[PDB]
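As structure tokens, one chain now follows by itself in the form deposited without the partner chain.
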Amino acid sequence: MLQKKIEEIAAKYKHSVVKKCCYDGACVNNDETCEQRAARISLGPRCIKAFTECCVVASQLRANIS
């Protein structure tokens, strides 16, 4: 492996939880509030906080666009 490819791999594993959960929280779901969706999460606290923060902030953004 080239070092370029090594860093690529190391990066993918850094903060992965925050990464997927934040992204998930940020994707729309007009059916449900951030708290309703967050309630169903069965991953850890790191995940729940990131999901919630990202959902809430992304919702404000989309609201400020009105």
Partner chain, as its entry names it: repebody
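Residue numbers count along the first chain shown, from 1. Only residues modelled in both forms are compared. Here the rigid core means the biggest group of C-alpha atoms that line up within 1.5 Å when the two forms are laid on top of each other.
We do not show the form solved in complex with the partner chain, though everything after this point is about it.
Colleague: Examine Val18 and determine whether its closest non-hydrogen atom to the partner chain in the entry with it bound is within 4.5 angstroms.
Modeller: Yes.
Colleague: Quick check on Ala58: any heavy atom within 4.5 Å of the partner chain in the entry with it bound?
Modeller: No.
Colleague: Cα of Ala11 displaced 2 Å or more between this form and the one not shown, core superposed?
Modeller: It does shift by 2 Å or more.
Colleague: Relative to the superposed rigid core, which consecutive-residue segments of length 3 or more display CA displacements of 2 Å or more between this form and the one not shown?
Modeller: Run with every C-alpha shifted by at least 2 Å: 2-14, nothing else.
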